[PDB]
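Protein chains in written order, with PDB author numbering: chain A, 16 to 34, 37 to 67, 69 to 125, 127 to 130, 132 to 184, 184A, 185 to 188, 188A, 189 to 204, 209 to 217, 219 to 246; chain B, 16 to 34, 37 to 67, 69 to 125, 127 to 130, 132 to 184, 184A, 185 to 188, 188A, 189 to 204, 209 to 217, 219 to 246; chain C, 17 to 72.
By construction, the Cβ of each residue, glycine as well, lies at the ideal position given by its N, Cα and C atoms.
Here's the structure, in structure tokens; my notes come after.
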Ligand SMILES: [Ca+2]
Ligand SMILES: [Ca+2]
Ligand SMILES: [Cl-]
Ligand SMILES: [Cl-]
Ligand code: NA
């Protein structure tokens, strides 16, 4: 997260860290046994870490649960990043409390201009490299589909939306992938891709979650 | 056209050569005033050359008509080559005869396995460069959507289809772009793109014309 | 600046694009670089040239 702020310990109780020896992506807890992340974050041997603030210090509220199964979307396009969504099932159900809580799936898509909360442990610098240890937060509006395609001509699909500021300065960055974009208490976006971080005319692109509620519900009900 | 044969003079009376000082693309005559080509073939100062066989000798059946207007498809994507179709209006109506005739638009989309005729003045070598002067023809079947996407994972849209042979040896090549793919007397495809020419598991990709009959009809009716 | 999967249009000149996915792919030999925000990042170059680079 570039140009954001420190969330505060466990103020984003649905934010999870995906660990394979190190934090490589974020994720969103949707129930006690399932996490939503980005399909491009897929790798074997994922450990889901819930209740995290400082990812480098055990602070007493963490839950480390190994993944039993990862399910990349059946139409995930690694060339264009279309359908960049992945489901992760936990080997054991997490203990839902105040610091570990699920986030609701959307019943309707969000409109342009809606303020959303983007969080993650990604790089905090637009030019350089500095990785935080506590969770960083960012309030960013959803940009119109027209301006999103205007920023990335020929690369935006109906399953992606842009969020942030065309003047740059505030954006998600390397390490934030798979993380949540929550608008009005609903998980509307997944940190997907971009061109650099916090660059002018290069806002972050996010997986449009509201187009996958049907596939998410049926998949977890059968797995 | 690689691995094809000499069509014979004016045996493809809808085949067009697009000239801007030289042959750079092909096209298909759909009525006396309109030519269908590929959107990536767009350039200014197009001259439409009908009735051509040998494109370097005036043989007595040609008609050279300047383009009055070019209309790239409103959703053409130069990055993904989706909606790679373009309409070219002739400055004056061509006189239709046996050697200059229009090709019918499709009423329904062609199915996989249908043998089609592909023609053009493109390169005839898969590893090398030798451009012919008379028109070359190639009979090639339409490949299934699955095998087309299998050849180019993450790049075949619903507006494209593959045609040719997965073993290679027969394909379209540089210079055939915008040219016709005619199946059962209907213009079903436009020579679009590929990975090399006549390569194993790299068949030619073509614009699925049947998804554009509505746009083609309304555009020429209002231009 | 190699490239293993090169797709070109069949025009004169051809319009070619490299579809390689690399963990850096953001050379100065790439004008438009697109990366995922993961660790490592998966980057693609959507530049359009009239040629294809040698393989890797
Ligand atoms: Ca911790
Ligand atoms: Ca001639
Ligand atoms: Cl070629
Ligand atoms: Cl339209
Ligand atoms: Na006319």
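What is the residue span of the beta strand (DSSP E) that residue 230 (chain A) lies within?
-> Here residue 230 (chain A) refers to the residue found at position 207 of the first chain. Residues 227–231.
ask   = Beta carbon of residue 95 (chain A): closer than 7 Å to some heavy atom of ligand 2?
value = Along the first chain, one-based indexing puts residue 95 (chain A) at 77. No, since every heavy atom of ligand 2 falls outside the 7 Å radius drawn around the Cβ of residue 95 (chain A).
*For residue 57 (chain A), count neighbouring C-beta atoms within 10 Å of its own C-beta (all shown protein chains included) and say buried if the count is 16 or more, exposed if not.*
Stepping through the first chain from its first residue, residue 57 (chain A) is reached at position 40. By the 10 Å Cβ count, residue 57 (chain A) comes out buried.
Note to self: As a quick check of your reading: which residues have a C-beta less than 6 Å from at least one non-hydrogen atom of ligand 4, in chain order?
What the structure shows: Going by the Cβ distance cut-off, the answer is B:92, B:238.
Should residue 18 (chain C) go down as buried or exposed, given a rule of 16 or more other Cβ atoms within 10 Å for buried?
-> One-based indexing of the third chain puts residue 18 (chain C) at position 2. By the neighbour-count definition (other C-beta atoms within 10 Å, threshold 16), residue 18 (chain C) is an exposed residue.
Under a criterion of Cβ closer than 7 Å to any non-hydrogen atom of ligand 5, which residues qualify, in chain order?
Spelled out in chain order, the answer is B:50, B:86, B:107, B:108, B:109, B:110, B:111.
Integer Cβ distance of residue 116 (chain B) from residue 28 (chain B), believed to fall under 8 Å = Walking along the second chain from the start, residue 116 (chain B) turns up at place 98. Walking along the second chain from the start, residue 28 (chain B) turns up at place 13. A Cβ-Cβ separation of about 7 Å places residue 116 (chain B) in contact with residue 28 (chain B) under the 8 Å criterion.
Going by DSSP, what residues sit across from residue 189 (chain B) in a beta bridge? As a working note, residue 189 (chain B) is residue 171 in the second chain. Residue 189 (chain B) pairs with B:17.
For the stretch 56–72 of chain C and the stretch 20–30 of chain C, state whether three or more C-beta atom pairs, one from each stretch, are separated by less than 8 Å. Touching, per the Cβ criterion.
Please report whether the beta-carbon of residue 45 (chain C) lies at a distance below 8 Å from any beta-carbon of chain A.
Start at 1 with the first residue of the third chain, and residue 45 (chain C) comes out as number 29. Using beta-carbon distances, residue 45 (chain C) does not count as an interface residue toward chain A, since no partner is under 8 Å.
- DSSP bridge partner residues for residue 33 (chain C) (one or two, in chain order): The sequence position of residue 33 (chain C) within the third chain is 17, counting from 1. Partner(s): C:23, C:64.
Quick one: Cα of residue 53 (chain C) to Cα of residue 62 (chain C), how far? Taking the third chain and counting its residues from 1, one reaches residue 53 (chain C) at position 37. Taking the third chain and counting its residues from 1, one reaches residue 62 (chain C) at position 46. Whole-angstrom Cα-Cα distance: 17 Å.
- request: Report the rounded CA-to-CA distance for residue 96 (chain A) versus residue 103 (chain A), giving the unit in angstroms.
  value: Numbered from its first residue, the first chain carries residue 96 (chain A) at position 78. Numbered from its first residue, the first chain carries residue 103 (chain A) at position 85. Between the alpha carbons of residue 96 (chain A) and residue 103 (chain A) lies a distance of about 11 Å.
Where residue 174 (chain A) meets chain B, residues with beta-carbon distance less than 7 Å: Residue numbering aside, residue 174 (chain A) sits at position 154 when the first chain is read from its first letter. 95, 96, 97, 98, listed in chain order.
*Can you tell me which of B:122, B:69, B:59, B:73 puts its alpha carbon nearest to the alpha carbon of residue 85 (chain B)?*
One-based indexing of the second chain puts residue 85 (chain B) at position 67. The option with the nearest alpha carbon to residue 85 (chain B) is B:59.
- Rounded C-alpha distance that separates residue 188A (chain B) from residue 178 (chain B): As a first step, residue 188A (chain B) is located in the second chain; it is residue number 170 there, counting from the start. As a first step, residue 178 (chain B) is located in the second chain; it is residue number 158 there, counting from the start. A straight-line Cα-Cα distance of about 24 Å links residue 188A (chain B) and residue 178 (chain B).
Note to self: Taking 7 Å as the cut-off, is the beta-carbon of residue 162 (chain A) closer than that to any non-hydrogen atom of ligand 1?
What the structure shows: Locating residue 162 (chain A) in the first chain gives position 142, where the first residue counts as 1. Incorrect: residue 162 (chain A) has no Cβ contact closer than 7 Å to ligand 1.
Does the Cβ of residue 24 (chain C) lie closer than 7 Å to at least one heavy atom of ligand 3? Position 8 of the third chain holds residue 24 (chain C). Ligand 3 has a heavy atom closer than 7 Å to the beta-carbon of residue 24 (chain C).
Review point. Where residue 110 (chain B) and residue 154 (chain B) are concerned, what is the direct C-alpha to C-alpha distance, given to the nearest angstrom?
Key: Looking up residue 110 (chain B) in the second chain gives position 92. Looking up residue 154 (chain B) in the second chain gives position 134. The C-alpha of residue 154 (chain B) is placed about 25 Å away from the C-alpha of residue 110 (chain B).
Burial state of residue 43 (chain C), where buried means 16 or more other Cβ atoms lie within 10 Å: Counting from one through the third chain, the residue named residue 43 (chain C) turns up at place 27. Exposed is the label assigned to residue 43 (chain C), since fewer than 16 other Cβ atoms lie within 10 Å of its Cβ.
Quick test of your reading: residue 201 (chain A) and residue 125 (chain A), contact by CB under 8 Å. State the CB separation rounded to the nearest angstrom. As a first step, residue 201 (chain A) is located in the first chain; it is residue number 183 there, counting from the start. As a first step, residue 125 (chain A) is located in the first chain; it is residue number 107 there, counting from the start. Going by Cβ atoms, the distance from residue 201 (chain A) to residue 125 (chain A) rounds to 12 Å, so no, they are not a contact pair.
*Name, please, each residue of chain C whose Cβ falls closer than 9 Å to the Cβ of residue 216 (chain A).*
Against the first chain, residue 216 (chain A) aligns to sequence position 194. Residues of chain C passing the Cβ test: 50, 51, 52, 53.
| query | Who are the neighbours of residue 37 (chain C) on chain A, taking C-beta pairs under 8 Å? | reply | In the third chain, counting from the first residue as 1, residue 37 (chain C) sits at position 21. 96, 97, listed in chain order.
Proximity of residue 64 (chain B) and residue 82 (chain B) at Cβ, strictly below 8 Å: For the purposes of this step, residue 64 (chain B) is taken as residue 47 along the second chain, with counting starting at 1. For the purposes of this step, residue 82 (chain B) is taken as residue 64 along the second chain, with counting starting at 1. Taking a C-beta distance under 8 Å as the contact criterion, residue 64 (chain B) and residue 82 (chain B) qualify as a contact pair.
Original post:
How long is the line joining the alpha carbons of residue 172 (chain B) and residue 225 (chain B), rounded to whole angstroms?
Top reply: By one-based count along the second chain, residue 172 (chain B) stands at place 152. By one-based count along the second chain, residue 225 (chain B) stands at place 202. Roughly 8 Å separates the two Cα atoms.
* Alpha carbon to alpha carbon, how far is residue 113 (chain B) from residue 49 (chain B)? -> The residue labelled residue 113 (chain B) in the question sits at position 95 within the second chain. The residue labelled residue 49 (chain B) in the question sits at position 32 within the second chain. Cα to Cα, residue 113 (chain B) sits roughly 7 Å from residue 49 (chain B).
field: residue 39 (chain C) burial status per 10 Å Cβ neighbour count (16 or more: buried)
entry: Residue 39 (chain C) sits at position 23 when you count from the first residue of the third chain. Exposed: under 16 other Cβ atoms inside 10 Å.
Can you say whether residue 148 (chain B) is buried or exposed, counting buried as having 16 or more other CB atoms within 10 angstroms of its CB? Sequence index remark: in the second chain, residue 148 (chain B) carries index 128 (1-based). Residue 148 (chain B) comes out exposed.
- Query: What three-state label does DSSP hand residue 129 (chain B) in the structure shown?
  - Reply: Sequence index remark: in the second chain, residue 129 (chain B) carries index 110 (1-based). In the three-state scheme derived from DSSP, where H, G and I count as helix and E and B as strand, residue 129 (chain B) is classed as coil.
How close, in whole Å, do the beta carbons of residue 121 (chain A) and residue 190 (chain A) come, if the pair is a contact with beta carbons under 8 Å?
What you label residue 121 (chain A) is simply residue 103 of the first chain in a count that begins at 1. What you label residue 190 (chain A) is simply residue 172 of the first chain in a count that begins at 1. Not a contact, Cβ separation roughly 17 Å.
Margin query: Can you give me the C-alpha to C-alpha distance between residue 54 (chain B) and residue 105 (chain B), rounded to a whole angstrom?
Written below: Here the question's residue 54 (chain B) lines up with position 37 in the second chain. Here the question's residue 105 (chain B) lines up with position 87 in the second chain. Roughly 6 Å separates the two Cα atoms.
Q. Buried or exposed: where does residue 143 (chain A) fall if 16 or more other Cβ atoms within 10 Å of its Cβ makes it buried?
A. Along the first chain, read from residue 1 onward, the residue named residue 143 (chain A) stands at position 123. Residue environment for residue 143 (chain A): buried (at least 16 other C-beta atoms within 10 angstroms of its C-beta).
- Message: Taking the alpha-carbon of residue 193 (chain B) as reference, which of B:222, B:22, B:91, B:39 has the nearest alpha-carbon?
- Response: The residue labelled residue 193 (chain B) in the question sits at position 175 within the second chain. Residue nearest to residue 193 (chain B) within the set B:222, B:22, B:91, B:39 is B:39 (criterion: CA-CA distance).
message = Does the distance between the C-beta of residue 115 (chain B) and the nearest non-hydrogen atom of ligand 2 fall short of 7 Å?
response = Along the second chain, read from residue 1 onward, the residue named residue 115 (chain B) stands at position 97. For ligand 2, not one heavy atom lies less than 7 Å from the Cβ of residue 115 (chain B).
Exercise for review: Sort A:21, A:25, A:123 by Cα distance to residue 51 (chain A) and report the nearest one.
Suggested key: Locating residue 51 (chain A) in the first chain gives position 34, counting from the first residue. In terms of Cα proximity to residue 51 (chain A), the closest of A:21, A:25, A:123 is A:123.
Please identify the residue among B:101, B:163, B:156, B:78 whose C-alpha is closest to the C-alpha of residue 89 (chain B). Numbered from 1 along the second chain, position 71 holds the residue referred to as residue 89 (chain B). Selection B:101, B:163, B:156, B:78 evaluated against residue 89 (chain B) yields B:101 as nearest (Cα-Cα).
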